[PDB]
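Participant: Mind looking over this structure? Questions follow.
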Amino acid sequence: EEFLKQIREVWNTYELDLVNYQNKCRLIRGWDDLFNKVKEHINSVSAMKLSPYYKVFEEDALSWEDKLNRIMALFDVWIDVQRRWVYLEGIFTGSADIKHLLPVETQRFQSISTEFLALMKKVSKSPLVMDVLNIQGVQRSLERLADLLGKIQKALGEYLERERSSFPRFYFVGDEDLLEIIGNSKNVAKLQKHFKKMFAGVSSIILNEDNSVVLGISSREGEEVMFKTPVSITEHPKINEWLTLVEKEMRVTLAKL
Amino acid sequence: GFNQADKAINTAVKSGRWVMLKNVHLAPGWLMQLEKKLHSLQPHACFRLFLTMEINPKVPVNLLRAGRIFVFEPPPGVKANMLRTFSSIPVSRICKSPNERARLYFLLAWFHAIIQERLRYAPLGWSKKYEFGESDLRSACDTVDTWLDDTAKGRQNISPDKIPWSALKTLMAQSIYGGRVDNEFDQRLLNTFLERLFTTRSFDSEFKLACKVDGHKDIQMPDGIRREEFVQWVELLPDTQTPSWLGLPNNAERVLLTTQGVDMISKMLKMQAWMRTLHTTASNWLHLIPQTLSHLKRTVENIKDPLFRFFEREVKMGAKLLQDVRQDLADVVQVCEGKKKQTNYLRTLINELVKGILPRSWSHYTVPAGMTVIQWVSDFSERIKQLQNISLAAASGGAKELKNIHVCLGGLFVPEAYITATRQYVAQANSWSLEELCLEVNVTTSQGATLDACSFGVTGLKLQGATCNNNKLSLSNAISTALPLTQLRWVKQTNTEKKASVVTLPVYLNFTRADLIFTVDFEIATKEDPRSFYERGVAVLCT
Amino acid sequence: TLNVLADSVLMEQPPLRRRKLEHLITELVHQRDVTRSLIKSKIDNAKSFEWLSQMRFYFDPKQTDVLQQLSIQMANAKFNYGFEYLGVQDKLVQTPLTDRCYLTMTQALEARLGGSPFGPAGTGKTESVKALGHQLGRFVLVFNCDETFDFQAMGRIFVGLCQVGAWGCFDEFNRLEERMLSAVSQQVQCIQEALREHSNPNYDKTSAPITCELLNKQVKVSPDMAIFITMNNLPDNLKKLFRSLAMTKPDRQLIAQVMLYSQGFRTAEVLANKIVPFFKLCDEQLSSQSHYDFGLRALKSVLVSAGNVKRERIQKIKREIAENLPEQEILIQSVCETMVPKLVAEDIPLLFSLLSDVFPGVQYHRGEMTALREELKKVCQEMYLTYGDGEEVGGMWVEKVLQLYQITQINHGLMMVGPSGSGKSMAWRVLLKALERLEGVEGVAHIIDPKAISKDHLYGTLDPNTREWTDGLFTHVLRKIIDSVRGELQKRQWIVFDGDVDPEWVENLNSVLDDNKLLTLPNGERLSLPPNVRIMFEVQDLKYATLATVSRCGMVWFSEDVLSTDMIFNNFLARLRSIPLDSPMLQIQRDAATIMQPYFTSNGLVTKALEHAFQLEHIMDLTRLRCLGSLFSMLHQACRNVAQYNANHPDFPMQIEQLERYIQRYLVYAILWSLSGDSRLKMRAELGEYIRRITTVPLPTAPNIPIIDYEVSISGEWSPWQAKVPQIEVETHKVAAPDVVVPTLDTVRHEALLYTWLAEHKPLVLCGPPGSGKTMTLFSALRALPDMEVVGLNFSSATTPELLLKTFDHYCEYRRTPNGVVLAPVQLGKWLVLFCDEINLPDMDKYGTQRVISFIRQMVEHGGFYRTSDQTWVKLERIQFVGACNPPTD
Amino acid sequence: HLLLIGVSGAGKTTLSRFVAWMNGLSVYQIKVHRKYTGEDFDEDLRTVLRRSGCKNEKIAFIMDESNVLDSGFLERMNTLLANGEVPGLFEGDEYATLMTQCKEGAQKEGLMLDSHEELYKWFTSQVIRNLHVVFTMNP
Amino acid sequence: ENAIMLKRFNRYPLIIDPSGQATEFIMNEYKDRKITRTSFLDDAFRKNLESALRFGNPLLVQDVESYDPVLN
Ligand SMILES: Nc1ncnc2c1ncn2[C@@H]1O[C@H](COP(=O)(O)OP(=O)(O)OP(=O)(O)O)[C@@H](O)[C@H]1O
Ligand SMILES: Nc1ncnc2c1ncn2[C@@H]1O[C@H](COP(=O)(O)OP(=O)(O)OP(=O)(O)O)[C@@H](O)[C@H]1O
Ligand SMILES: Nc1ncnc2c1ncn2[C@@H]1O[C@H](COP(=O)(O)OP(=O)(O)O)[C@@H](O)[C@H]1O
Ligand SMILES: Nc1ncnc2c1ncn2[C@@H]1O[C@H](COP(=O)(O)OP(=O)(O)O)[C@@H](O)[C@H]1O
Ligand SMILES: [Mg+2]
């Protein structure tokens with residue numbers, strides 16, 4: 001009886017902690033503690049079902065079990081719906097060139113993020129666990145968002161694989177490195193850091209005043225090779241084509257030298 | 001292949017057919033899963049599963065226990081090996097291009113057989129057990145094919161002197177066969193074989209594949225042009241194959257037998273109430289092993305002597321190992337009588353000792369592979385006796401008497417350090433540099449002959465395969481010809497080319513040619529040739 | 001051409017032109033060796049294998065395709081130059097072993113097999129593969145297997161190698177874990193089977209693209225790719241697909257000769273024939289140490305340093321042809337300058353004896369460095385330390401300081417190693433002050449204890465959900481230096497990592513110590529090391545440090561013989577004569593020091609007593625500095641007692657003779673209670689007997705009661721402790737109470753020692769068998785004092801610094817009003833004594849250190865600690881430590 | 001506090017429980033499993049100290065060598081047996097509950113609660129008077 | 001004799017068999033009572049053991065080297 005009273009008090013006085021995220025919303029902090037409490041209560045209720053005095057409290061325990069399961073059935077999804085979103089956030093706002101490369105998935109992510117922000121605003125107005133669970137169709141929208149995030153993540157991975165296939169040297173750099181490369185294609189300053197991972201000795205690119213034509217390459221030790229025919233990024237804006245042109249012109253310049 | 005084999009075994013156990021899985025040693029985990037799956041009842045009784053594989057420790061023990069093992073080994077002999085090589089090579093490859101190709105293949109086959117049959121006599125004949133498997137033979141055949149195609153554009157018979165002999169020799173010495181050869185002295189043997197076989201003289205009727213076989217018989221080169229003649233000559237080889245077919249001394253077979261016999265005893269010893277006999281053995285070892293030797297070293301004066309420091313290190317290491325062994329054997333004695341508790345470490349040593357395997361905690365120096373414990377403790381006792389003589393000589397006179405000591409290299413833990421210390425001392429005297437000193441070896445008859453300046457005395461050196469008379473080497477049938485007293489003299493290098501009547505013999509540490517200490521330049525008799533010394537595995541041994 | 005190049009390398013050249021010059025010299029030397037012998041031995045045919053074996057280059061500019069312009073042929077193998085830009089790479093001397101490696105590898109590649117150059121580590125197998133790849137102009141990737149391994153990256157790496165057509169070499173395949181080895185072997189087997197099918201005799205004209213199954217997808221395999229598996233056997237999958245090669249013995253003599261010839265030395269052959277056997281001797285004759293490195297890489301670095309030294313000498317002579325230089329002297333000078341700083345005190349005479357054996361009659365003159373020597377002397381004089389040149393007292397320590405300065409110039413990421421008690425911290429502190437006064441650049445040192453805090457607090461943490469990065473100690477310090485809002489640049493910043501080193505907290509530092517100088521934070525930001533920042537590792541044993549960290553750091557070894565006992569005595573006497581314990585106090589201190597000076601001599605009472613006490617048996621490992629610090633604290637308390645007696649008698653204060661008697665007897669009393677003061681009664685009696693034998697000072701005349709039972713009264717006479725023990729009558733209900741303590745001889749003696757060692761805020765530990773009455777006596781004495789607030793902390797087997805932080809938060813407060821944050825007890829005028837009983841209980845981690853013990857050591861030696869909340873240095877005020885524990889043998 | 005050394009099954013636990021039942025003391029048994037951890041042992045120690053110090057109930061602490069898994073349990077119990085109380089067990093809200101129940105026990109017995117330090121001293125005295133531990137182990 | 005000991009026991013048996021003959025025998029003897037297989041390494045073992053004490057179901061626990069003190 002007092003065990004059920006403890007469960008009732010704990011789950012009627014439990015509040016979901018919220019921490020600000022880049023002044024955009026408040027994400028749930030403390031997943032580990034909440035999941036530990038949920039697992040402990042579920043296991044304790046399962047053993048309470050096994051207790052001999054249980055038939056007196058049976059029905060009540062059953063109800064709580066259902067509630068507990070529902071809580072579980074929510075939050076295991078929720079953290080996922082958070083994590084991927086945060087990941088996607090770090091891809092879809094730190095860069096400005098992702099929109100042009102991935103427009104359909106950009107629109108889908110904007111639509112997903114609108115609903116996600118609305119759900120977070122609704123949660124912040126009532127951070128109680130019972131109040132959060134009782135909002136209309138939280139699990140339905142949460143699972144829809146989870147499936148959408150999975151699909152868009154698969155699409156982003158497929159686009160990354162396509163970018164690697166177009167320029168095979170991208171296979172050396174990491175997935176996060178490739179995301180930074182494609183997202184920050186316009187500003188070449190972020191590309192020069194990874195340029196020592198693809199080529200054997202090339203460590204930087206000597207560009208023009210406006211960073212529009214790749215005048216040549218530069219090694220780590222300061223040695224510079226000037227292209228016989230400079231390649232232009234304005235004429236070939238996509239990363240793969242102008243990088244392939246850079247590599248081919250490097251080979252040609254080395255041959256002429 | 002995993003899914004294919006699973007489907008095949010399913011349909012074969014349903015219908016009642018047979019399934020073979022070849023080279024299953026590459027999938028140990030799959031083998032375990034197959035053992036688990038097969039443990040269930042098999043509906044059909046006519047179904048048979050065969051697992052052809054190589055003998056590797058990666059196979060699961062459960063699968064070995066659950067089935068019938070069949071061990072297959074290739075038949076020994078040069079004739080069998082060459083027959084296998086000729087059967088493996090397709091007839092189309094041999095009978096193609098200039099006819100000389102066929103003869104070349106025969107030579108290659110013969111060569112392969114030689115360098116494979118010498119592998120059985122592992123210590124004397126190949127030093128180590130190299131692989132020299134089928135892949136090397138295929139690579140050599142590909143090299144021969146490519147180079148013969150390059151040199152002879154047309155199918156017409158190319159002159160024997162126009163064959164790229166240098167190309168084949170160098171590619172099968174530096175690459176392919178010599179790729180796995182590490183030490184220089186096996187490379188010398190391989191180069192000797194290649195220069196003897198792969199030469200333009202092989203296409204003449206008087207060529208001798210092997211000379212002095214069984215004293216006077218010689219394996220004459222067959223006079224054939226096609227593959228059929230060579231394979232018929234192979235099939236006509238006599239059964240009486242002595243090791244002289246490989247260039248090895250006839251006694252090598254005897255030596256091998258001896259080792260095998262010892263192995264049998266060890267295996268019997270490894271597969272044998274124990275407290276009384278363990279107690280008496282341990283007590284006898286305590287009586288045998290010297291009690292204790294003390295570090296009498298670390299004098300501030302005369303520390304500049306290299307022999308001083310080297311003998312300090314030797315004494316310290318020997319004393320440490322001596323104390324460890326003595327204390328552990330005393331513990332074993334106590335536990336045999338039940339006068340002390342038994343711990344995990346003591347369990348390890350007692351289990352190792354009852355079966356005849358030396359304790360890993362006891363092996364602090366270089367040890368011949370699979371040396372039985374009694375041999376180990378006898379060798380250790382001899383080492384401590386030598387170290388005690390060293391300490392007594394140091395105490396009596398100082399570091400000056402340390403020079404005039406006939407120290408045996410085998411007894412020392414690190415003989416290479418002794419050679420280095422000798423070099424440093426001979427440099428310090430007369431104020432020379434180490435680069436300008438070269439070692440000259442003089443085998444003197446007197447075990448205690450006079451040591452003149454640079455000369456240092458060494459005992460226990462055993463020459464295998466040859467006898468040294470008046471510093472001149474001569475080939476002999478008897479093995480392990482002991483050297484009376486070796487004088488190592490570090491003399492200033494005169495920067496001259498060694499005459500063709502000298503041989504650079506290695507000085508290995510023990511009968512297993514695994515550790516090389518140094519090399520000795522020995523003059524040979526005028527009758528012999530250095531190639532015979534190289535190919536018969538003549539070497540000096542510290543023990 | 002070789003003569004022209006050798007003339008050119010002797011002058012002053014730009015570093016890029018110097019690298020080009022030495023590459024040209026190396027290749028021209030190889031060409032000279034090839035043509036002089038390998039082609040001039042009666043060779044007249046262009047098709048002879050004596051010429052086909054050598055790597056021939058054929059140039060056809062008429063070819064339109066760039067990849068078909070240049071053809072590189074060795075034996076029957078023909079390759080197309082990939083024209084990949086390599087920059088300025090290190091060139092390998094073409095030794096005969098390297099020639100055979102090239103031949104075997106090209107033969108394996110032509111047959112579409114792989115290469116497995118097995119051999120002992122350090123023979124150049126990976127470097128040989130890389131040099132062969134760079135010779136053909138192919139991108140070469142080296143995958144080290146020393147736990148820096150990842151399938152998720154190497155699957156796509158293999159896909160990229162198959163696609164672009166680059167080379168892939170594994171550093172040591174056997175270093176791989178069994179499952180890792182098997183899976184990567186499966187991938188390598190698939191790739192190599194595709195490569196073999198690329199050369200099918202019936203399908204030589206490859207129409208359908210030859211592809212492999214990588215990442216569960218079809219990947220085209222470029223014909224120019226190759227996989228090399230460097231070993232030290234091969235898995236059964238790859239035995240029939242890889243050709244092996246024995247790279248066992250590199251030709252060190254030829255490498256050294258060619259490199260010395262490229263450096264400009266005109267006697268390269270003799271110098272190499274001397275320097276290779278010398279390095280072999282140093283590897284053999286010298287002792288075995290973790291940080292010793294006499295391999296081929298160290299030899300190459302020594303040779304390039306010798307070339308730099310010779311060029312510097314040439315420039316010095318020119319500004320004051322020139323071929324009369326003592327090349328051997330330069331070579332041994334470089335060898336010494338590179339090896340002596342990391343040599344233990346035992347191996348220095350051994351190294352010099354080896355140098356004399358190999359280089360006979362050629363001696364070493366160390367740099368004068370007089371400009372730095374003057375500032376070092378001034379700083380040492382103003383820091384109460386001892387300075388001396390060469391054979392003088394302090395010569396070894398100042399030479400260690402100079403070596404530290406040299407390694408400071410040479411590279412960043414220093415490591416000062418040595419047994420505890422050597423002059424390590426003082427050395428670099430004095431060097432920093434001397435550099436500040438000499439060069440005029442202010443020196444700032446950040447002393448960070450790594451084991452005190454967690455790795456997350458040390459480097460920073462990324463929020464699991466918010467993905468917000470908050471920087472740690474080292475990250476905050478480096479960021480503050482880089483930003484330099486106050487102007488951290490233009491100042492010598494030294495991040496000293498005082499403490500122990502383990503392979504855990506140095507993982508992120510490995511990318512900073514090496515040439516990258518690049519800290520890669522988990523969030524993505526990359527911090528660049530400024531040229532004015534040096535990362536110092538002040539460690540003790542260097543026992544749990546990986547070879548990667550040690551090899552990346554220049555090292556100075558501080559043996560205990562560096563800091564002699566005379567130096568300690570001189571420092572103590574100077575501080576006593578200058579620093580006031582509280583002018584009359586300074587006068588008393590000067591008189592006391594004048595009185596005790598004769599005993600603190602080279603062979604005085606204290607040195608002999610220390611030597612004898614080292615022979616005795618102690619419950620804890622006797623250290624010279626613990627012993628000497630206890631003795632010095634006791635002498636300071638003696639001076640304090642003299643001052644108190646003078647205060648109590650304003651008229652007729654302590655006279656010279658009474659002070660002499662009191663100090664002379666108190667010296668023996670403090671020696672007895674500090675030397676062997678942590679040993680049993682028998683050892684104390686033995687040390688007292690030895691002191692009585694060797695000393696001349698009057699001693700207790702009673703032959704029955706040991707000297708340890710006496711004490712020195714303020715009048716200057718030996719009085720028994722039993723006279724100071726009162727007879728206490730305790731209430732009936734207080735019999736055997738948990739808190740009551742009955743005064744006795746041991747109680748009063750330990751109380752006197754406690755007060756003596758707590759007057760100087762020195763933490764102390766009561767060791768003894770269970771039930772001996774350590775906790776009760778310590779608590780009673782601590783609570784007896786009226787201005788002392790005692791807090792009892794029981795150290796369990798899971799004690800962490802978090803317990804100390806919780807105690808500080810509960811009892812103390814942070815005040816920002818002083819220069820920095822100050823942690824002080826809430827109660828005013830109360831000294832907080834943290835009685836940590838069972839002090840030795842906390843467990844050691846996997847690398848032999850206790851985090852809480854290191855924490856207390858940091859807060860005692862330095863006087864403060866870094867708060868992980870804002871990475872600021874808080875300074876302890878009115879906080880004191882006291883401990884008690886059972887013997888470590890329990 | 002008593003330590004009982006002897007072979008298992010000799011009746012140490014049974015005899016100790018028999019004497020505790022005769023003398024009126026309650027018996028507290030730590031229920032250990034595979035998932036037992038240091039915090040659970042700390043909670044058990046807190047409960048037994050609360051029942052022995054705040055309330056005059058006398059408790060016979062039944063412990064066996066099996067119930068001790070790591071050295072932390074042993075060190076906590078060494079502190080409890082020697083000093084009479086464990087300083088670090090009560091923190092925050094637990095300390096406040098301790099003080100409240102100590103004031104309640106003082107007013108039940110007829111003592112003035114005074115300050116926190118005097119209440120803690122009274123609690124320690126009650127624990128050393130109203131708590132006995134028997135440790136059973138094999139030789 | 002071992003089967004006799006298994007049939008007539010006062011303290012719960014501890015089966016020590018290198019093979020699985022005894023284990024399979026004790027299953028085949030107790031199928032009608034629905035003998036349940038568990039192990040001390042299993043995380044749900046306690047739960048299963050709890051059920052074993054409720055419906056009177058025999059329970060088998062393997063790997064007694066890592067004995068669970070909760071069974072005391
Ligand atoms: N000339 C001197 N140079 C250095 N230390 C000196 C000198 N003269 C006296 N000393 C004393 O020697 C000691 C040197 O301690 P130092 O701080 O150098 O050691 P550390 O290696 O940093 O310490 P730890 O043992 O904790 O690793 C100090 O007590 C110092 O006062
Ligand atoms: N001088 C003394 N005055 C009063 N009691 C003493 C004295 N010496 C020993 N005792 C008694 O001996 C016991 C020692 O108690 P205490 O817990 O302080 O021992 P300890 O040696 O510090 O313990 P441990 O090594 O377990 O930490 C107590 O019962 C104490 O009353
Ligand atoms: N032929 C050579 N000429 C010049 N330097 C060499 C040669 N072989 C090896 N080295 C040097 O040896 C060092 C270590 O070789 P490395 O390839 O790391 O050995 P491993 O094969 O064990 O990895 C390298 O820094 C390299 O410069
Ligand atoms: N004096 C006794 N007479 C009869 N049976 C006893 C006696 N002491 C113990 N036992 C029996 O021993 C069994 C277990 O004893 P237990 O108290 O668990 O021993 P231990 O203290 O070694 O754990 C009990 O079932 C009890 O019946
Ligand atoms: Mg205590």
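A note on labels: chains of the structure tokens are A, B, ... as shown, every chain counts residues from 1, and ligands are counted from 1 in their shown order.
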May I have the residues within 8 Å of ligand 4, computed using only C-alpha atoms and all ligand atoms, as a list in words?
Facilitator: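 Those residues are residues 6, 7, 8, 9, 10, 11, 12, 13, 14, 15, 64, 136 and 137 of chain D.
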Participant: Keeping C-alpha atoms, export the residues of the selection given above as a PDB file, in the first residue's frame.
Facilitator:
ATOM      1  CA  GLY D   6      34.181 -20.878  13.019  1.00  0.00           C
ATOM      2  CA  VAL D   7      33.101 -23.295  10.339  1.00  0.00           C
ATOM      3  CA  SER D   8      29.809 -22.600   8.586  1.00  0.00           C
ATOM      4  CA  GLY D   9      26.731 -24.301   9.987  1.00  0.00           C
ATOM      5  CA  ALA D  10      28.123 -24.420  13.532  1.00  0.00           C
ATOM      6  CA  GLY D  11      25.185 -22.333  14.765  1.00  0.00           C
ATOM      7  CA  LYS D  12      26.737 -18.877  15.147  1.00  0.00           C
ATOM      8  CA  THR D  13      23.814 -17.047  13.534  1.00  0.00           C
ATOM      9  CA  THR D  14      21.232 -19.284  15.218  1.00  0.00           C
ATOM     10  CA  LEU D  15      22.731 -18.886  18.698  1.00  0.00           C
ATOM     11  CA  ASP D  64      28.316 -12.633   7.781  1.00  0.00           C
ATOM     12  CA  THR D 136      30.143 -14.277  11.591  1.00  0.00           C
ATOM     13  CA  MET D 137      32.990 -15.595   9.451  1.00  0.00           C
TER      14      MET D 137
END
Participant: Just want the residues within 8 Å of ligand 3, written as a PyMOL selection string, counting only C-alpha atoms and all ligand atoms.
Facilitator: chain C and resi 90-95+97-98+119-128+171-172+230+250-252+255+295-297+300
Participant: The selected residues should be written to file as a compact mmCIF listing (two decimals), in the first residue's frame (atoms: N, CA and C atoms).
Facilitator:
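Saved to selection34.txt:
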# COMPACT_ATOMS: atom_id res chain seq x y z
N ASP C 90 60.47 13.26 -46.71
CA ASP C 90 61.76 12.71 -46.32
C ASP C 90 62.18 11.62 -47.30
N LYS C 91 63.41 11.71 -47.79
CA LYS C 91 63.93 10.75 -48.76
C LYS C 91 64.75 9.68 -48.04
N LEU C 92 64.58 8.44 -48.47
CA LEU C 92 65.26 7.30 -47.87
C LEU C 92 66.54 7.00 -48.63
N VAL C 93 67.62 6.74 -47.89
CA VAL C 93 68.88 6.35 -48.50
C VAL C 93 68.71 4.98 -49.14
N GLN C 94 69.10 4.87 -50.41
CA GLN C 94 68.87 3.65 -51.18
C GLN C 94 69.93 2.61 -50.81
N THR C 95 69.74 1.99 -49.66
CA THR C 95 70.60 0.91 -49.22
C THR C 95 70.30 -0.35 -50.03
N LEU C 97 69.47 -3.21 -48.93
CA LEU C 97 68.23 -3.76 -48.40
C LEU C 97 67.02 -3.05 -48.99
N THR C 98 67.09 -1.72 -49.11
CA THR C 98 66.01 -0.98 -49.75
C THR C 98 65.88 -1.34 -51.22
N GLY C 119 59.37 -8.02 -40.25
CA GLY C 119 60.65 -7.77 -39.63
C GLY C 119 60.51 -7.08 -38.30
N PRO C 120 61.61 -7.03 -37.53
CA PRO C 120 61.57 -6.35 -36.24
C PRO C 120 61.26 -4.87 -36.40
N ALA C 121 60.63 -4.30 -35.37
CA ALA C 121 60.25 -2.90 -35.41
C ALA C 121 61.48 -2.00 -35.46
N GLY C 122 61.39 -0.94 -36.26
CA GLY C 122 62.45 0.03 -36.39
C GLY C 122 63.40 -0.20 -37.55
N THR C 123 63.08 -1.13 -38.45
CA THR C 123 63.96 -1.41 -39.58
C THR C 123 63.55 -0.67 -40.85
N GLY C 124 62.53 0.18 -40.81
CA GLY C 124 62.17 0.97 -41.97
C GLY C 124 61.22 0.30 -42.94
N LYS C 125 60.47 -0.70 -42.49
CA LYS C 125 59.54 -1.40 -43.38
C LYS C 125 58.46 -0.46 -43.89
N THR C 126 57.77 0.23 -42.97
CA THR C 126 56.73 1.18 -43.36
C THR C 126 57.33 2.33 -44.17
N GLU C 127 58.49 2.82 -43.75
CA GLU C 127 59.15 3.89 -44.49
C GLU C 127 59.59 3.42 -45.87
N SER C 128 60.04 2.17 -45.99
CA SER C 128 60.40 1.65 -47.30
C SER C 128 59.19 1.58 -48.21
N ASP C 171 50.77 -0.42 -40.40
CA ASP C 171 52.01 -0.29 -39.64
C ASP C 171 52.46 -1.64 -39.09
N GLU C 172 51.56 -2.33 -38.39
CA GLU C 172 51.86 -3.65 -37.83
C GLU C 172 50.53 -4.39 -37.72
N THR C 230 52.58 -4.62 -43.39
CA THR C 230 53.85 -4.70 -42.68
C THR C 230 53.66 -5.50 -41.40
N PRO C 250 68.55 -3.30 -41.13
CA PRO C 250 68.84 -2.14 -41.97
C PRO C 250 70.33 -1.86 -42.04
N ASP C 251 70.75 -1.28 -43.16
CA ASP C 251 72.16 -0.93 -43.38
C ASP C 251 72.42 0.43 -42.74
N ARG C 252 72.65 0.41 -41.43
CA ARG C 252 72.82 1.66 -40.69
C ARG C 252 74.07 2.41 -41.12
N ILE C 255 73.45 4.32 -44.38
CA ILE C 255 72.52 5.42 -44.12
C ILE C 255 73.25 6.58 -43.45
N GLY C 295 67.60 4.02 -31.57
CA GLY C 295 67.24 3.43 -32.84
C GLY C 295 67.77 4.23 -34.02
N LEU C 296 67.21 3.92 -35.19
CA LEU C 296 67.65 4.58 -36.41
C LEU C 296 67.15 6.02 -36.48
N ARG C 297 65.92 6.26 -36.00
CA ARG C 297 65.38 7.62 -36.02
C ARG C 297 66.20 8.56 -35.15
N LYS C 300 69.36 9.40 -36.98
CA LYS C 300 69.14 10.39 -38.02
C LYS C 300 69.00 11.79 -37.43
Participant: Give me, as CSV, the closest atom pair and its distance (Å, one decimal) for every residue of chain C within a cut-off of 8 Å of chain D, counting only C-alpha atoms, rows sorted by chain and rising number.
Facilitator:
residue,atom,partner,partner_atom,distance
C:738,CA,D:83,CA,7.5
C:792,CA,D:87,CA,7.7
C:793,CA,D:87,CA,7.5
C:794,CA,D:79,CA,7.7
C:796,CA,D:75,CA,6.1
C:797,CA,D:72,CA,5.7
C:798,CA,D:72,CA,6.9
Participant: What do you get as a list in words if you pick all residues at most 6 Å from ligand 1, counting only C-alpha atoms and all ligand atoms?
Facilitator: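 The residues near ligand 1 are residues 385, 386, 387, 420, 421, 422, 423, 424, 425, 426, 540, 567, 568 and 571 of chain C.
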Participant: Could the residues in this selection be written to a file with C-alpha atoms, as a PDB file, in the first residue's frame?
Facilitator:
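Result went into selection12.pdb, see below:
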ATOM      1  CA  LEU C 385      69.236  28.575  -3.572  1.00  0.00           C
ATOM      2  CA  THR C 386      72.780  27.338  -4.238  1.00  0.00           C
ATOM      3  CA  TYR C 387      74.627  28.094  -7.483  1.00  0.00           C
ATOM      4  CA  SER C 420      61.020  12.861  -5.888  1.00  0.00           C
ATOM      5  CA  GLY C 421      63.343  15.187  -4.001  1.00  0.00           C
ATOM      6  CA  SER C 422      65.412  16.350  -6.972  1.00  0.00           C
ATOM      7  CA  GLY C 423      65.657  19.979  -8.012  1.00  0.00           C
ATOM      8  CA  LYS C 424      62.907  19.838 -10.640  1.00  0.00           C
ATOM      9  CA  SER C 425      60.422  22.606  -9.809  1.00  0.00           C
ATOM     10  CA  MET C 426      63.145  24.971  -8.606  1.00  0.00           C
ATOM     11  CA  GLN C 540      58.504  11.446 -11.053  1.00  0.00           C
ATOM     12  CA  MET C 567      72.498  22.418  -1.034  1.00  0.00           C
ATOM     13  CA  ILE C 568      69.459  21.630   1.132  1.00  0.00           C
ATOM     14  CA  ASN C 571      68.954  26.748   1.510  1.00  0.00           C
TER      15      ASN C 571
END
Participant: Extract, using only C-alpha atoms, all DNA, RNA and protein residues at most 12 Å from residue D:119, discarding same-chain residues fewer than 3 positions from it, and format them as a ChimeraX atom specification.
Facilitator: /D:53-54,95-96,98-107,111-116,122-126
Participant: Set the distance at 12 Å and use only C-alpha atoms: which residues neighbour residue C:645 once local chain neighbours fewer than 5 positions away are removed? I'd like the list as a count of residues only.
Facilitator: 18
Participant: When you look at stretch 9-11 of chain C with a cut-off of 8 Å (counting only C-alpha atoms), what residues show up, excluding the ones that are within fewer than 5 positions of it in the same chain? I need them as a list in words.
Facilitator: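 Close residues of stretch 9-11 of chain C: residues 18, 21, 22, 262, 263, 264 and 311 of chain C.
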Participant: As a list in words, which residues of chain D does DSSP assign to strand (DSSP E or B)?
Facilitator: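 Restricting chain D to strand (DSSP E or B) produces residues 2, 3, 4, 5, 26, 27, 28, 29, 59, 60, 61, 62, 63, 64, 131, 132, 133, 134, 135, 136 and 137 of chain D.
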